[PDB]
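protein-v4.cif follows; it contains mmCIF, C-alpha atoms and all ligand atoms.
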```cif
data_query
#
loop_
_atom_site.label_atom_id
_atom_site.label_comp_id
_atom_site.auth_asym_id
_atom_site.auth_seq_id
_atom_site.Cartn_x
_atom_site.Cartn_y
_atom_site.Cartn_z
CA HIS A 4 77.13 127.65 92.43
CA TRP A 5 77.52 124.11 93.71
CA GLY A 6 74.89 122.25 95.58
CA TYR A 7 73.08 118.93 95.69
CA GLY A 8 70.51 119.22 92.84
CA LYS A 9 70.29 117.84 89.29
CA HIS A 10 72.15 120.74 87.68
CA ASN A 11 74.68 121.55 90.35
CA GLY A 12 75.17 118.33 92.45
CA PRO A 13 77.87 115.82 92.86
CA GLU A 14 78.12 114.81 89.22
CA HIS A 15 78.89 118.40 88.33
CA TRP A 16 81.42 119.33 90.98
CA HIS A 17 84.46 118.17 88.95
CA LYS A 18 84.08 121.16 86.53
CA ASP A 19 84.87 123.70 89.24
CA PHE A 20 86.95 121.30 91.40
CA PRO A 21 88.77 118.79 89.16
CA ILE A 22 90.20 116.95 92.30
CA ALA A 23 86.64 115.53 92.47
CA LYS A 24 88.04 112.80 90.23
CA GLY A 25 91.28 112.48 92.34
CA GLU A 26 92.90 109.62 93.97
CA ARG A 27 91.72 110.00 97.58
CA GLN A 28 88.15 111.24 97.37
CA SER A 29 85.49 110.70 100.08
CA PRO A 30 83.15 109.22 101.06
CA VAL A 31 83.64 105.55 100.24
CA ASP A 32 81.84 102.29 100.80
CA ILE A 33 83.42 100.48 103.74
CA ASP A 34 83.58 96.80 102.72
CA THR A 35 83.83 95.32 106.25
CA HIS A 36 85.17 91.96 105.04
CA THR A 37 88.02 93.66 103.13
CA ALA A 38 88.98 96.15 105.86
CA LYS A 39 92.21 95.06 107.49
CA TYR A 40 92.34 94.71 111.28
CA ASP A 41 95.44 96.64 112.33
CA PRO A 42 96.71 95.55 115.78
CA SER A 43 99.10 98.55 115.70
CA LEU A 44 96.17 101.17 115.63
CA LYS A 45 95.65 102.87 118.98
CA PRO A 46 92.41 103.47 120.81
CA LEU A 47 90.97 106.74 119.69
CA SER A 48 91.31 109.53 122.36
CA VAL A 49 88.35 111.90 122.26
CA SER A 50 88.66 114.70 124.89
CA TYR A 51 85.63 116.97 124.62
CA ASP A 52 85.17 117.88 128.32
CA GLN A 53 86.19 121.54 127.76
CA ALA A 54 84.63 122.03 124.35
CA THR A 55 83.16 125.56 123.93
CA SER A 56 80.49 125.87 121.20
CA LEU A 57 79.91 129.39 119.74
CA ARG A 58 77.15 129.50 117.11
CA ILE A 59 75.01 127.55 114.69
CA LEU A 60 74.63 128.56 111.05
CA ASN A 61 72.52 127.39 108.08
CA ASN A 62 75.08 127.74 105.25
CA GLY A 63 72.66 126.68 102.49
CA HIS A 64 74.33 123.18 102.32
CA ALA A 65 73.94 121.93 105.92
CA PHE A 66 74.02 123.50 109.31
CA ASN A 67 77.24 123.97 111.25
CA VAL A 68 77.92 124.22 114.92
CA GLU A 69 81.29 126.09 115.23
CA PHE A 70 83.47 125.90 118.38
CA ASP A 71 86.08 128.21 119.90
CA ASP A 72 89.30 126.46 118.89
CA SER A 73 91.69 129.21 120.11
CA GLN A 74 92.82 127.02 123.09
CA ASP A 75 93.86 123.50 123.55
CA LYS A 76 90.43 122.09 124.60
CA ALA A 77 88.32 119.74 122.53
CA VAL A 78 90.94 117.42 120.95
CA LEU A 79 91.14 114.17 119.02
CA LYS A 80 94.34 112.16 119.07
CA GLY A 81 95.55 108.55 119.15
CA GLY A 82 93.85 106.13 116.83
CA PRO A 83 95.65 106.43 113.47
CA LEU A 84 96.71 110.05 114.15
CA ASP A 85 100.11 111.53 114.77
CA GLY A 86 99.91 114.59 116.97
CA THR A 87 96.86 116.54 118.15
CA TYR A 88 93.77 117.68 116.25
CA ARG A 89 91.40 120.40 117.50
CA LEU A 90 87.68 120.36 117.16
CA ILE A 91 86.42 123.30 115.05
CA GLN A 92 82.85 122.39 113.99
CA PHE A 93 80.32 119.60 113.39
CA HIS A 94 77.60 119.19 110.84
CA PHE A 95 75.39 116.44 109.45
CA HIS A 96 74.37 114.99 106.13
CA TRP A 97 70.89 113.42 105.89
CA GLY A 98 68.26 112.09 103.46
CA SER A 99 64.69 112.79 102.36
CA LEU A 100 63.76 109.32 103.71
CA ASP A 101 65.22 107.10 106.51
CA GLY A 102 66.81 104.75 103.94
CA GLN A 103 69.43 107.24 102.71
CA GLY A 104 71.39 110.21 103.99
CA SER A 105 74.80 108.91 105.04
CA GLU A 106 77.92 109.66 102.93
CA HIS A 107 79.92 106.57 103.91
CA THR A 108 78.18 103.26 103.49
CA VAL A 109 78.93 99.91 105.23
CA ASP A 110 78.70 96.90 102.89
CA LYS A 111 76.54 99.23 100.69
CA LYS A 112 74.15 99.99 103.64
CA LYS A 113 73.07 103.61 103.83
CA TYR A 114 72.18 105.13 107.16
CA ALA A 115 69.60 107.87 107.71
CA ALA A 116 72.27 110.51 108.39
CA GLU A 117 75.93 110.96 109.23
CA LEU A 118 77.53 113.33 111.78
CA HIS A 119 80.98 114.79 110.98
CA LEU A 120 83.12 116.26 113.73
CA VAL A 121 85.87 118.23 111.95
CA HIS A 122 89.29 118.67 113.69
CA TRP A 123 92.49 120.37 112.37
CA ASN A 124 96.07 119.38 112.99
CA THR A 125 97.60 121.76 115.53
CA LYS A 127 100.99 121.60 113.84
CA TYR A 128 99.54 123.85 111.07
CA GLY A 129 98.39 126.57 113.43
CA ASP A 130 94.85 127.18 112.01
CA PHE A 131 92.26 125.37 109.99
CA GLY A 132 92.80 127.45 106.73
CA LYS A 133 96.43 126.32 106.64
CA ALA A 134 95.62 122.76 107.69
CA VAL A 135 93.30 122.13 104.72
CA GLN A 136 96.26 122.72 102.42
CA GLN A 137 98.06 119.76 103.93
CA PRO A 138 97.67 116.00 103.30
CA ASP A 139 97.33 115.30 107.10
CA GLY A 140 95.60 118.65 107.87
CA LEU A 141 92.21 117.34 109.11
CA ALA A 142 90.76 114.44 111.04
CA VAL A 143 87.02 113.99 110.59
CA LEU A 144 85.20 111.72 113.00
CA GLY A 145 82.13 110.22 111.29
CA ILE A 146 79.20 108.74 113.20
CA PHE A 147 76.21 107.06 111.54
CA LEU A 148 72.65 107.87 112.63
CA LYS A 149 69.85 105.28 112.46
CA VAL A 150 66.22 105.97 113.34
CA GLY A 151 64.90 104.37 116.53
CA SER A 152 65.09 105.66 120.05
CA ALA A 153 65.72 109.40 120.56
CA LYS A 154 69.24 110.74 121.19
CA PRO A 155 68.68 113.07 124.19
CA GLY A 156 72.05 114.85 123.57
CA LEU A 157 70.84 115.89 120.09
CA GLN A 158 67.65 117.63 121.24
CA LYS A 159 69.29 121.02 121.94
CA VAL A 160 70.40 121.10 118.28
CA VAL A 161 66.98 119.99 117.02
CA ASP A 162 65.13 122.65 119.01
CA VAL A 163 67.22 125.60 117.61
CA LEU A 164 66.72 124.63 113.99
CA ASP A 165 63.43 126.66 113.64
CA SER A 166 65.54 129.78 114.25
CA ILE A 167 67.92 129.01 111.35
CA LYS A 168 65.48 127.80 108.81
CA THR A 169 67.00 129.44 105.65
CA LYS A 170 70.46 129.98 104.12
CA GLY A 171 72.40 132.70 105.90
CA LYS A 172 70.65 132.49 109.23
CA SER A 173 72.72 132.01 112.37
CA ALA A 174 72.29 132.02 116.11
CA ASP A 175 74.10 131.95 119.36
CA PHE A 176 74.73 128.38 120.41
CA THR A 177 76.77 128.09 123.59
CA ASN A 178 77.40 125.29 126.13
CA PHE A 179 76.52 122.45 123.68
CA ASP A 180 78.34 119.32 124.80
CA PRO A 181 79.32 117.09 121.84
CA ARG A 182 79.97 114.11 124.13
CA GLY A 183 76.14 113.70 123.96
CA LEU A 184 76.41 112.73 120.28
CA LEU A 185 78.81 109.76 120.71
CA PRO A 186 77.88 106.04 120.74
CA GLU A 187 78.97 103.68 123.39
CA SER A 188 81.95 102.17 121.49
CA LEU A 189 84.91 103.94 119.84
CA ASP A 190 85.76 101.07 117.54
CA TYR A 191 86.46 102.50 114.06
CA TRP A 192 87.51 102.23 110.49
CA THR A 193 90.09 104.62 109.07
CA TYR A 194 91.38 105.60 105.63
CA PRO A 195 92.91 108.62 103.87
CA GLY A 196 90.44 110.84 102.01
CA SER A 197 89.03 114.24 101.33
CA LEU A 198 86.40 116.83 102.19
CA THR A 199 83.08 115.55 100.86
CA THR A 200 82.01 119.05 99.75
CA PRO A 201 83.74 121.52 97.38
CA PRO A 202 86.63 122.30 97.44
CA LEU A 203 87.05 118.50 97.95
CA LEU A 204 90.60 118.95 99.28
CA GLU A 205 92.53 115.72 99.91
CA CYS A 206 93.47 116.68 103.45
CA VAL A 207 91.43 114.31 105.69
CA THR A 208 92.22 111.29 107.79
CA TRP A 209 88.76 109.73 108.10
CA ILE A 210 87.80 107.90 111.31
CA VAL A 211 84.34 106.30 110.97
CA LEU A 212 82.84 104.71 114.06
CA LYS A 213 81.36 101.26 113.63
CA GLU A 214 78.48 101.83 116.16
CA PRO A 215 75.72 104.14 114.94
CA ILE A 216 73.81 106.42 117.29
CA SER A 217 69.99 106.13 117.35
CA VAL A 218 67.95 109.22 116.85
CA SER A 219 64.13 109.40 116.77
CA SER A 220 61.99 109.79 113.72
CA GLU A 221 60.85 113.24 115.07
CA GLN A 222 64.46 114.41 115.47
CA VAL A 223 65.38 113.66 111.83
CA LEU A 224 62.04 115.13 110.60
CA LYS A 225 63.16 118.38 112.09
CA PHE A 226 66.41 118.31 110.10
CA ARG A 227 64.22 117.88 106.95
CA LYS A 228 62.33 121.11 107.70
CA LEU A 229 65.47 123.18 107.01
CA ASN A 230 65.72 125.01 103.65
CA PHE A 231 68.55 125.17 101.09
CA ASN A 232 67.14 128.51 99.83
CA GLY A 233 67.47 131.89 101.49
CA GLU A 234 64.52 133.76 103.26
CA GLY A 235 62.32 135.08 100.37
CA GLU A 236 63.34 132.59 97.55
CA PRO A 237 61.19 129.57 96.61
CA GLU A 238 61.27 126.94 99.44
CA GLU A 239 63.45 123.91 98.67
CA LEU A 240 63.74 121.52 101.65
CA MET A 241 67.31 120.80 102.82
CA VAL A 242 67.36 117.02 102.32
CA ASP A 243 69.72 114.62 100.45
CA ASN A 244 72.79 116.75 101.14
CA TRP A 245 75.15 113.78 100.82
CA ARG A 246 77.80 112.91 98.29
CA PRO A 247 77.62 109.30 97.10
CA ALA A 248 80.46 106.82 97.58
CA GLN A 249 83.53 107.51 95.42
CA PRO A 250 86.09 105.04 94.00
CA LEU A 251 88.45 103.63 96.59
CA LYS A 252 91.32 103.47 94.04
CA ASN A 253 94.67 102.68 95.61
CA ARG A 254 93.54 102.77 99.27
CA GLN A 255 93.29 100.43 102.26
CA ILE A 256 90.61 100.82 104.95
CA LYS A 257 91.92 99.69 108.36
CA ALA A 258 89.83 98.49 111.33
CA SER A 259 90.67 99.09 114.94
CA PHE A 260 88.80 95.94 115.96
CA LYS A 261 88.52 92.17 115.18
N1 LIG A 301 81.93 116.59 104.98
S1 LIG A 301 83.22 117.44 105.35
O1 LIG A 301 83.55 117.22 106.70
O2 LIG A 301 84.24 117.21 104.33
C1 LIG A 301 82.47 119.15 105.22
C2 LIG A 301 81.10 119.41 104.91
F1 LIG A 301 80.28 118.44 104.38
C3 LIG A 301 80.49 120.60 105.13
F2 LIG A 301 79.13 120.75 104.85
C4 LIG A 301 81.23 121.72 105.58
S2 LIG A 301 80.19 123.16 105.86
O3 LIG A 301 81.05 124.29 106.47
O4 LIG A 301 79.08 122.78 106.89
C5 LIG A 301 79.33 123.64 104.34
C6 LIG A 301 80.23 123.39 103.12
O5 LIG A 301 81.41 124.08 103.17
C7 LIG A 301 82.60 121.54 105.79
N2 LIG A 301 83.35 122.69 106.28
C8 LIG A 301 84.71 122.96 105.82
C9 LIG A 301 85.66 123.03 106.95
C10 LIG A 301 85.31 123.58 108.19
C11 LIG A 301 86.28 123.64 109.22
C12 LIG A 301 87.66 123.23 108.99
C13 LIG A 301 87.98 122.74 107.73
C14 LIG A 301 87.00 122.60 106.68
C15 LIG A 301 84.70 124.31 105.02
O6 LIG A 301 84.14 125.33 105.85
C16 LIG A 301 86.03 124.72 104.46
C17 LIG A 301 86.46 124.12 103.30
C18 LIG A 301 87.66 124.46 102.69
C19 LIG A 301 88.49 125.39 103.31
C20 LIG A 301 88.11 126.00 104.48
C21 LIG A 301 86.85 125.66 105.09
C22 LIG A 301 83.15 120.26 105.72
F3 LIG A 301 84.47 120.14 106.03
ZN ZN A 302 80.48 116.30 106.21
#
```

Represent the structure from my file as structure tokens, please.
Amino acid sequence: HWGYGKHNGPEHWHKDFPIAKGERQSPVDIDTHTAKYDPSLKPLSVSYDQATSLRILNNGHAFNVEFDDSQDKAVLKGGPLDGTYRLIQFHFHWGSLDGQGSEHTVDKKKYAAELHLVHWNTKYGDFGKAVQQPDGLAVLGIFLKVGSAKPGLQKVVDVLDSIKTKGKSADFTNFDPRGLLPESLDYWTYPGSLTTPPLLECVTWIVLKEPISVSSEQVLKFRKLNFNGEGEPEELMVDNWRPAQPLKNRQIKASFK
């Protein structure tokens, strides 16, 4: 039922998922002056050299690229994390215009889009068990601004015409997610939640300070996707972001300054 429109969007999600009004909901505005530099935070370790992508799917909310996570390959650790987290999928959130689209904001600034690389804690054995845990997931968030093209994105962009509508999927092998990272791994971190139903409070968020640049043409291709299925009226997949939620009790920590 849920989606991103007037009658089913963010302001409605609490009826099916009352945690929507919980104490550790995401995204949030990152007030960069209030974030605490934490000298005890470790550099983030991103090891994606053996990542194995499997498919790409239009799920009617966004598109996912899912990875084979049955071996110890693409892993996030260090930073604020205890233990090892395995990459399972990435997706994006983006706007109808370049001035909105991100879920997190930085001093109220919205970016054109936001990339989420979703990892589960290997101590829980699989992602379905990990989402039931308060430290089950680590999501790496990367802002996108419009400027110069991101060459590492173009393989994604060029397959989107094959998954235009809800339910469509394709083969999507040998995609290297290292091509979506910025130069710097400096980050903010805080405890939060999934930003889509079921909104589980299971995520350690790690948001990189440095955005990647993508071209205007690359993001225009995201905006040609459809929310609807094949043979329903066409509704462009745009503005699939949840707005910032109350920070409540929480402290955002910075790895830098
Ligand atoms: N922004 S976010 O990172 O919070 C987020 C999304 F915004 C998002 F769009 C997805 S999605 O799979 O692309 C479509 C909505 O379910 C998921 N996918 C969930 C997921 C995938 C892999 C491992 C854990 C969670 C979703 O598929 C899910 C939710 C709850 C329980 C199992 C799986 C997601 F986690
Ligand atoms: Zn997301």

Sorted per-residue table, range 103-212 of chain A near range 21-36 of chain A, closest atoms and distance, 12 Å, only C-alpha atoms, as CSV:
```
residue,atom,partner,partner_atom,distance
A:105,CA,A:30,CA,9.3
A:106,CA,A:30,CA,5.6
A:107,CA,A:30,CA,5.1
A:108,CA,A:32,CA,4.6
A:109,CA,A:33,CA,4.8
A:110,CA,A:34,CA,4.9
A:111,CA,A:32,CA,6.1
A:112,CA,A:32,CA,8.5
A:113,CA,A:32,CA,9.4
A:114,CA,A:32,CA,11.9
A:117,CA,A:30,CA,11.0
A:119,CA,A:30,CA,11.6
A:138,CA,A:27,CA,10.2
A:143,CA,A:29,CA,11.1
A:145,CA,A:30,CA,10.3
A:191,CA,A:35,CA,10.9
A:192,CA,A:33,CA,8.1
A:193,CA,A:33,CA,9.5
A:194,CA,A:27,CA,9.2
A:195,CA,A:27,CA,6.5
A:196,CA,A:27,CA,4.7
A:197,CA,A:28,CA,5.0
A:198,CA,A:29,CA,6.5
A:199,CA,A:29,CA,5.5
A:200,CA,A:29,CA,9.1
A:201,CA,A:23,CA,8.3
A:202,CA,A:22,CA,8.2
A:203,CA,A:23,CA,6.2
A:204,CA,A:22,CA,7.3
A:205,CA,A:27,CA,6.2
A:206,CA,A:27,CA,9.1
A:207,CA,A:29,CA,8.9
A:208,CA,A:29,CA,10.3
A:209,CA,A:29,CA,8.7
A:210,CA,A:30,CA,11.3
A:211,CA,A:33,CA,9.3
A:212,CA,A:33,CA,11.2
```

How would the residues just picked look written out with C-alpha atoms as a PDB file, in the frame of the given file?
```
ATOM      1  CA  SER A 105      74.800 108.910 105.040  1.00  0.00           C
ATOM      2  CA  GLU A 106      77.920 109.660 102.930  1.00  0.00           C
ATOM      3  CA  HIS A 107      79.920 106.570 103.910  1.00  0.00           C
ATOM      4  CA  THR A 108      78.180 103.260 103.490  1.00  0.00           C
ATOM      5  CA  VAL A 109      78.930  99.910 105.230  1.00  0.00           C
ATOM      6  CA  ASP A 110      78.700  96.900 102.890  1.00  0.00           C
ATOM      7  CA  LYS A 111      76.540  99.230 100.690  1.00  0.00           C
ATOM      8  CA  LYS A 112      74.150  99.990 103.640  1.00  0.00           C
ATOM      9  CA  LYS A 113      73.070 103.610 103.830  1.00  0.00           C
ATOM     10  CA  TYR A 114      72.180 105.130 107.160  1.00  0.00           C
ATOM     11  CA  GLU A 117      75.930 110.960 109.230  1.00  0.00           C
ATOM     12  CA  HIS A 119      80.980 114.790 110.980  1.00  0.00           C
ATOM     13  CA  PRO A 138      97.670 116.000 103.300  1.00  0.00           C
ATOM     14  CA  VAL A 143      87.020 113.990 110.590  1.00  0.00           C
ATOM     15  CA  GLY A 145      82.130 110.220 111.290  1.00  0.00           C
ATOM     16  CA  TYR A 191      86.460 102.500 114.060  1.00  0.00           C
ATOM     17  CA  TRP A 192      87.510 102.230 110.490  1.00  0.00           C
ATOM     18  CA  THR A 193      90.090 104.620 109.070  1.00  0.00           C
ATOM     19  CA  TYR A 194      91.380 105.600 105.630  1.00  0.00           C
ATOM     20  CA  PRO A 195      92.910 108.620 103.870  1.00  0.00           C
ATOM     21  CA  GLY A 196      90.440 110.840 102.010  1.00  0.00           C
ATOM     22  CA  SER A 197      89.030 114.240 101.330  1.00  0.00           C
ATOM     23  CA  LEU A 198      86.400 116.830 102.190  1.00  0.00           C
ATOM     24  CA  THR A 199      83.080 115.550 100.860  1.00  0.00           C
ATOM     25  CA  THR A 200      82.010 119.050  99.750  1.00  0.00           C
ATOM     26  CA  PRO A 201      83.740 121.520  97.380  1.00  0.00           C
ATOM     27  CA  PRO A 202      86.630 122.300  97.440  1.00  0.00           C
ATOM     28  CA  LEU A 203      87.050 118.500  97.950  1.00  0.00           C
ATOM     29  CA  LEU A 204      90.600 118.950  99.280  1.00  0.00           C
ATOM     30  CA  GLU A 205      92.530 115.720  99.910  1.00  0.00           C
ATOM     31  CA  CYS A 206      93.470 116.680 103.450  1.00  0.00           C
ATOM     32  CA  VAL A 207      91.430 114.310 105.690  1.00  0.00           C
ATOM     33  CA  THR A 208      92.220 111.290 107.790  1.00  0.00           C
ATOM     34  CA  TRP A 209      88.760 109.730 108.100  1.00  0.00           C
ATOM     35  CA  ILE A 210      87.800 107.900 111.310  1.00  0.00           C
ATOM     36  CA  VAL A 211      84.340 106.300 110.970  1.00  0.00           C
ATOM     37  CA  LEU A 212      82.840 104.710 114.060  1.00  0.00           C
TER      38      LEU A 212
END
```

Residue list as a list in words for point (75.9, 114.4, 93.7), cut-off 10 Å, all atoms listed in the file: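 Here the neighbourhood of the point contains residues 5, 6, 7, 8, 9, 10, 11, 12, 13, 14, 15, 16, 200, 243, 244, 245, 246, 247 and 248 of chain A.
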
Using the file's own x, y and z axes, so that the box edges lie along x, y and z, what centre and edge lengths in Å (one decimal) does a box around every listed atom of range 187-206 of chain A get when 4 Å is added on each side? Give it as lines of an AutoDock Vina configuration file.
```
center_x = 86.2
center_y = 111.7
center_z = 110.4
size_x = 22.5
size_y = 29.2
size_z = 34.0
```

Using only C-alpha atoms: which of A:19, A:85, A:162, A:236 has the shortest distance to residue 44 in chain A: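 Looking at the shortest contact to residue 44 in chain A, the residue is A:85.
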
All residues 7 Å or closer to residue 89 in chain A, all atoms listed in the file, same chain fewer than 4 positions away omitted, as a PyMOL selection string: chain A and resi 72+77-79+122-125

Selection near range 94-101 of chain A, 10 Å with all atoms listed in the file, sequence-local residues under 5 positions removed, as a VMD selection string: chain A and resid 59 to 60 64 to 69 106 113 to 121 145 to 150 220 223 to 224 226 to 227 240 to 246

Length of the atom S2 of ligand LIG 301 (chain A) to CA of residue 177 in chain A vector [Å]: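 A separation of 18.7 Å between them.
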
Given only C-alpha atoms and all ligand atoms as the counted atoms, nearest of A:92, A:61, A:137, A:222 to ligand ZN 302 (chain A):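 Closest candidate: A:92.
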
For CA of residue 179 in chain A and CA of residue 76 in chain A, the interatomic separation in Å (one decimal): 13.9 Å

Given only C-alpha atoms and all ligand atoms as the counted atoms, nearest of A:20, A:93, A:260, A:131 to ligand ZN 302 (chain A): A:93
